[PDB]
Structures are given as structure tokens and as C-alpha cells.
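Participant: Could you have a look at this structure, given as C-alpha cells, before my questions?
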Amino acid sequence: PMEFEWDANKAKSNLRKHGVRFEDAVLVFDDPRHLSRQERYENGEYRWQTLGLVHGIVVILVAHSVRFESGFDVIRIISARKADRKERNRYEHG
Amino acid sequence: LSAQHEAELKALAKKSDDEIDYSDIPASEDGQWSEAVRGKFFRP
């Protein structure tokens with residue numbers, strides 16, 4: 001089972017700078033075709049990046065962490081922006 | 001979705017790659033996405 005967390009101020013800044021809501025960034029994990037890569041171990045968790053389609057309208061790139069607890073996992077949303085040409089190409093054809 | 005929320009997503013869908021800000025999540029290359037997993041965190 002999975003739960004989501006983030007810093008509320010980081011969410012507001014992300015919307016200001018990049019135009020993506022963290023509440024919509026969470027929805028990439030509901031896209032069965034989402035594409036994920038692991039970057040590093042950071043502050044006790046693994047950092048990942050995930051591409052997915054939100055509301056059938058736009059492919060977004062989400063920077064997040066994953067942590068394993070007793071009976072549930074937690075994803076922390078860190079940043080999100082629109083995917084660019086190369087990233088859309090990996091999401092569609094990778 | 002509300003009409004306003006839908007409109008935000010359609011505006012984002014029309015943004016050109018020139019308008020993307022890479023200052024928090026840098027640009028990638030195909031090689032950095034060689035070990036990716038599809039559906040990694042999908043829960044039905």
C-alpha cells in the first residue's frame with residue numbers, strides 16, 4: 001500500500017515556477033505506463049524520477065523519493081515539471 | 001475536473017520545450033533512462 005507526502009511550501013513554489021500541482025504529480029503513479037528511474041540513496045530513502053500522463057492531457061516528470069515502512073510505502077514528492085521531447089519519447093517508446 | 005483546473009492542464013500541454021525550466025529537474029539523455037522500470041509504483 002502507498003501514501004504520499006510533500007512540503008506544502010515546496011508544492012506552492014513548484015506550481016509558481018513550473019505550472020505543475022503536486023496533487024496532479026501524484027497521479028503519474030496511477031498511469032500503468034509510468035516510467036521510473038532510480039537516481040541515488042539520499043537521507044535514508046531512494047530518489048527516483050517518474051514520467052506519466054496526467055488526466056489524459058500532459059506528460060509530467062516527477063522527482064520523488066520512496067521509503068518502505070511496516071505494511072505501507074511512502075512517496076515524497078520533491079519537484080515536478082512538464083516532460084520535454086526526449087522524455088516524452090522514452091515515455092511513449094521506451 | 002473543474003473548468004479552471006482542466007484549462008491549467010491544457011495550457012501546460014501547449015507549452016513549448018523552450019518554456020520548460022530545468023533548474024529543479026535537469027534535462028536527461030536516453031542513456032540515463034536505460035535502467036528504468038515501467039509500472040514500478042502502479043497499484044490497481
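Each chain in the C-alpha cells gets a letter, A, B, ..., in the order shown, and its residues are numbered from 1; ligands are numbered from 1 in order too.
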Specify as a list in words all residues of chain B found within 6 Å of chain A, counting only C-alpha atoms.
Facilitator: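 The contacting residues on chain B are residues 13, 17, 36, 37, 38, 39, 41 and 42 of chain B.
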Participant: Using DSSP on the backbone coordinates, identify all residues within chain B classified as alpha helix (DSSP H); present the result as number ranges by chain.
Facilitator: B: 3-14
Participant: Report, in Å to a single decimal, how far apart CA of residue 24 in chain B and CA of residue 41 in chain A are.
Facilitator: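 We find that CA of residue 41 in chain A and CA of residue 24 in chain B lie 17.8 Å from each other.
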Participant: If you measure from CA of residue 77 in chain A to CA of residue 8 in chain A, what distance in Å do you get, rounded to one decimal?
Facilitator: 10.3 Å
